[PDB]
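Worksheet: one structure, shown below.
What you see below is based on every heavy atom in this structure, not just the backbone, and it leaves out hydrogens, waters and symmetry mates. Index from 1, following the sequence. One-based numbering, in listed order, for ligands and for the atoms of each.
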Amino acid sequence: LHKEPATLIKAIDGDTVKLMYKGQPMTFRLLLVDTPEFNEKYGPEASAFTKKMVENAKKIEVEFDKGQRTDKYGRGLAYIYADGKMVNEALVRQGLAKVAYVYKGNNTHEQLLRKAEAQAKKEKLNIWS
Ligand SMILES: Cc1cn([C@H]2C[C@H](OP(=O)(O)O)[C@@H](COP(=O)(O)O)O2)c(=O)[nH]c1=O
Ligand SMILES: [Ca+2]
């Protein structure tokens, strides 16, 4: 996989963020994770976490996987990085996302994220508390 440049437009929630990519505004849905909705428990925490990460980053990068790049809602599907650190993995490691939505064609970092989830779960973090 390869990392591509993008710029933050707006934080949205734990697992969606609005970026400018190849010069076009686009909502991105984070691959392989599921954060609680803002109205659910840990939803506010997940939004705050992703917000700080993308807002504090001097460099945002988008990394598509091998399958479809857009979902049925028009959202881009990618791994998102903030100064080199993967937001998707970071949310899981903190127990603010579950590994989820593992689809056949777009699963490259699956075992990486499950390792992070095992450690968050081991540590009883947030969702796992
Ligand atoms: C993460 C991801 C979600 N989706 C779709 C599946 C779900 O369909 P449904 O809307 O029919 O539930 C929806 C869940 O995303 P959200 O968790 O943002 O709601 O987005 C994909 O198709 N591919 C993906 O890689
Ligand atoms: Ca969600």
Side-chain angles (χ1 to χ4, degrees):
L1 306 188
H2 75 281
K3 284 166 199 188
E4 298 180 54
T7 312
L8 183 67
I9 293 174
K10 194 110 176 83
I12 302 166
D13 79 347
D15 60 19
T16 57
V17 61
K18 186 71 142 178
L19 305 174
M20 211 192 276
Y21 165 69
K22 295 173 170 145
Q24 304 306 333
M26 193 166 161
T27 296
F28 279 90
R29 177 57 169 86
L30 262 50
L31 274 170
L32 297 191
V33 301
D34 190 33
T35 47
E37 307 288 321
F38 182 96
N39 76 311
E40 309 172 315
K41 192 175 185 171
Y42 303 103
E45 281 77 5
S47 301
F49 182 98
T50 299
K51 179 195 179 71
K52 164 162 170 143
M53 215 172 158
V54 297
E55 268 174 15
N56 298 357
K58 80 168 187 57
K59 175 161 147 185
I60 296 316
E61 288 178 286
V62 164
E63 179 180 65
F64 292 103
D65 210 324
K66 278 136 179 167
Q68 84 165 166
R69 304 195 167 188
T70 60
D71 72 3
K72 68 192 186 169
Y73 300 110
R75 303 181 298 186
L77 296 174
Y79 306 103
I80 301 307
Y81 291 79
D83 292 331
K85 299 197 202 328
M86 205 207 293
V87 177
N88 317 45
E89 186 189 12
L91 289 155
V92 179
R93 184 60 185 80
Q94 292 315 299
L96 292 171
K98 282 177 202 182
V99 174
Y101 294 106
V102 196
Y103 295 108
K104 85 175 107 154
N106 279 329
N107 71 4
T108 294
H109 297 306
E110 183 183 4
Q111 291 318 133
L112 183 74
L113 298 202
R114 289 190 191 285
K115 187 62 172 302
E117 192 182 77
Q119 251 298 91
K121 179 137 39 184
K122 201 147 323 103
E123 289 167 19
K124 309 296 206 310
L125 288 194
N126 286 306
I127 285 162
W128 310 110
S129 70

* **Test side chain to side chain contact (heavy atoms under 4.5 Å, CB included) applied to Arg29 and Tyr101, step by step** => CA-CA 11 Å; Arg29 177 57 169 86; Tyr101 294 106; 3.8 Å; yes

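Under the 4.5 Å side-chain criterion, counting only non-hydrogen atoms from C-beta, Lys115 is not in contact with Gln111. Two residues are said to be in side-chain contact when any heavy atoms from C-beta on lie closer than 4.5 Å; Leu112 and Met86 meet this criterion.
Heavy atoms of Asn106 stay at 4.0 angstrom or farther from ligand 1.
Counting heavy atoms only, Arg75 comes closest to atom 5 (C) of ligand 1 of the residues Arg75, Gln68, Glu37, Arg29. In this structure, of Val33, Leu30, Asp71, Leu77, the residue bringing a heavy atom nearest to atom 2 (C) of ligand 1 is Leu77.
Here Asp34 meets the criterion, with an N, O or S atom under 3.0 Å of the Ca ion (ligand 2). Among the backbone and side-chain atoms of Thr35, an N/O/S atom is found under 3.0 Å from the Ca ion (ligand 2).
Looking only at N/O/S atoms, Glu37 comes nearest to the Ca ion (ligand 2) through OE2. Looking only at its N/O/S atoms, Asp15 has OD2 as the one nearest to the Ca ion (ligand 2).
The number of heavy atoms from other shown groups lying within 6.0 Å of NZ (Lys104) does not exceed 12. Enclosure of atom NZ in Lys3 by more than 12 non-hydrogen atoms of other residues, nucleotides or ligands within 6.0 angstrom is indicated.
The shortest N/O to N/O separation between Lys72 and ligand 1 falls below 3.5 Å. Residue contacts with ligand 1: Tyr73 is placed with a nitrogen or oxygen under 3.5 Å of a nitrogen or oxygen of the ligand (distance criterion only).
Under the 4.0 Å criterion applied to side-chain N and carboxylate O atoms, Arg114 and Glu110 are assigned as salt-bridge partners.
Using cut-offs of 30° and 60° on the angle between ring planes, the pair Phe64 and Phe28 is tilted.
The protein atom (non-hydrogen) at minimum distance from atom 6 (C) of ligand 1 is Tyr103 OH, 3.5 Å. Nearest protein neighbour of atom 12 (O) of ligand 1, counting heavy atoms only, is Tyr101 OH, 4.4 Å.
Counting all heavy atoms, side chain and backbone alike, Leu8 lies closest to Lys18 at CD1-O, 3.8 Å.
The side chain of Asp34, and not its backbone, has at least one atom closer than 4.0 Å to an atom of ligand 1 (non-hydrogen atoms only; side chain from C-beta on).
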